[PDB]
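Have a look at the structure below, then the notes.
Here, residue 1 is the first one in the sequence, and each next residue gets the next number. Hydrogens, waters and symmetry mates are skipped; everything else that's a heavy atom, side chains included, is used. Start at 1 and go down the list; that is how both ligands and their atoms are numbered.
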Amino acid sequence: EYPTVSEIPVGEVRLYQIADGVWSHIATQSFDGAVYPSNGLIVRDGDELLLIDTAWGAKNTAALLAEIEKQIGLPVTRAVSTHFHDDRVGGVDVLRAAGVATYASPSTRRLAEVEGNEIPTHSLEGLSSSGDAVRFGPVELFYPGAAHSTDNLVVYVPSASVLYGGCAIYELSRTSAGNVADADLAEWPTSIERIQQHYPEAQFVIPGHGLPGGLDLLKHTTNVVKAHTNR
Ligand SMILES: O=P(O)(O)Cc1ccccc1-n1cc(-c2ccccc2)nn1
Ligand SMILES: [Zn+2]
Ligand SMILES: [Zn+2]
């Protein structure tokens with residue numbers, strides 16, 4: 001079963017195999033004074049791996065590479081960061097020193113720079129307008145519009161029907177919006193609806209944090225966001 005925040009000391013990383021050649025990676029990090037889990041994705045592309053998102057920090061991202069080498073044994077050659085916050089680009093310097101080609105949208109790179117976060121080297125063209133989709137090896141990258149952040153991307157794995165929603169999709173146990181300093185509350189449900197309409201065949205939905213589910217995580221997220229908007 002899926003690794004949980006209480007089972008992973010900070011600094012450690014677990015892998016969870018969803019399908020043939022598709023894994024999630026799970027780490028934990030302290031914010032304020034709580035402990036919180038975070039998901040990313042790993043997708044096999046021939047004899048190499050595509051990493052989606054760092055493991056929230058340099059120390060966790062170094063352990064992520066160690067766990068991959070220990071559990072999978074294939075080289076991580078590219079990585080995509082789905083938005084500019086530290087849970088998605090923190091560790092990008094680690095990835096880069098290990099010879100990983102790091103990528104993010106121009107929006108993400110610009111915002112990471114403004115915010116003082118690590119900046120992926122390569123720019124993902126063709127994702128600046130809501131509804132844009134591009135192919136990236138074994139996945140498709142989709143910009144649904146502004147939601148958790150103005151730059152958030154989601155990732156679909158066609159071969160396995162896996163939708164990685166990143167931090168634009170909440171796990172079921174999250175009933176409140178939390179920190180929305182950089183979210184677009186007014187557009188968030190509209191962006192979620194673009195996800196639903198573009199990936200209605202998705203079978204396994206991974207939130208940015210916590211337990212996977214199905215497409216019902218999209219309506220759950222809409223419910224939470226709309227309830228936060230209303231007070
Ligand atoms: O914003 P992201 O969703 O991606 C997570 C994140 C990442 C980095 C730093 C902080 C946080 N935050 C976590 C929370 C929170 C969530 C549920 C209950 C109580 C608090 N708020 N912020
Ligand atoms: Zn964020
Ligand atoms: Zn997050």
Side-chain angles (χ1 to χ4, degrees), residues 2-6 8 10-11 13-14 24-41 51-61 64 79-92 102 104-105 107-120 124 127 141-155 163-189 191-192 195 205-213 217-218 220-229:
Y2 202 85
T4 83
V5 58
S6 62
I8 302 175
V10 170
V13 173
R14 308 274 181 262
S24 53
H25 64 89
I26 300 87
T28 52
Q29 194 52 263
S30 314
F31 75 106
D32 284 304
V35 182
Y36 201 51
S38 180
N39 301 313
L41 202 69
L51 178 61
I52 313 296
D53 284 328
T54 67
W56 196 354
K59 173 181 175 75
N60 284 350
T61 297
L64 166 63
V80 176
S81 286
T82 55
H83 78 267
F84 75 98
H85 287 149
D86 258 336
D87 58 330
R88 314 289 137 191
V89 304
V92 153
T102 52
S105 76
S107 304
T108 294
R109 298 176 71 254
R110 181 184 311 116
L111 285 157
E113 188 177 69
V114 172
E115 206 75 8
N117 297 346
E118 295 157 67
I119 304 170
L124 295 168
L127 292 163
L141 308 180
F142 181 68
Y143 174 63
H148 168 85
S149 60
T150 68
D151 60 322
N152 46 208
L153 307 178
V154 308
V155 184
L163 182 55
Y164 170 62
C167 310
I169 304 306
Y170 285 171
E171 73 171 314
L172 291 179
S173 63
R174 186 155 172 180
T175 65
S176 87
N179 194 346
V180 303
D182 301 330
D184 198 326
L185 297 176
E187 213 62 33
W188 199 333
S191 307
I192 286 175
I195 300 174
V205 175
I206 309 163
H209 308 277
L211 295 182
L217 311 202
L218 276 61
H220 164 78
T221 305
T222 294
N223 285 348
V224 173
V225 166
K226 284 176 171 193
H228 184 84
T229 297

- Who's the nearest protein heavy-atom neighbour of atom 1 (O) of ligand 1, and how far? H148 CE1, 3.1 Å
- Query: Quick one: nearest non-hydrogen protein atom to atom 6 (C) of ligand 1, plus distance?
  - Reply: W56 CH2, 4.4 Å
- Task: Tell me which one of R88, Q29, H85, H209 gets a heavy atom nearest to atom 2 (P) of ligand 1.
- Result: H209
- Please report which non-hydrogen protein atom sits nearest to atom 21 (N) of ligand 1, along with the residue it belongs to and the distance in Å to one decimal place. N179 N, 3.5 Å
- Task: Establish, from distance only, whether the side-chain atoms of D151 and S105 form a donor-acceptor pair under 3.5 Å.
- Result: no
- Task: Starting from atom 11 (C) of ligand 1, find the nearest protein heavy-atom neighbour and note its residue, name and distance.
- Result: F31 CD1, 4.1 Å
- Protein contact of atom 17 (C) of ligand 1 - nearest heavy atom, named by residue and atom, plus distance: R174 NE, 3.5 Å
- Which protein atoms of type N, O or S are found under 2.8 Å from the Zn ion (ligand 3)? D87 OD2, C167 SG, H209 NE2
- Query: How close does the nearest protein non-hydrogen atom get to atom 18 (C) of ligand 1, and which residue and atom is it?
  - Reply: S176 OG, 4.3 Å
- Qualifying residue, where the test is side-chain contact (heavy atoms from CB on, under 4.5 Å) with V205 and the options are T221, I195, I169: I169
- Task: Give a yes-or-no answer on whether the side chains of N39 and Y2 include a donor-acceptor pair shorter than 3.5 Å.
- Result: yes
- Query: Are a donor atom and an acceptor atom from the side chains of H85 and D182 found within less than 3.5 Å of each other?
  - Reply: yes
- Query: Between the side chains of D87 and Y36, does any donor sit under 3.5 Å from an acceptor?
  - Reply: no
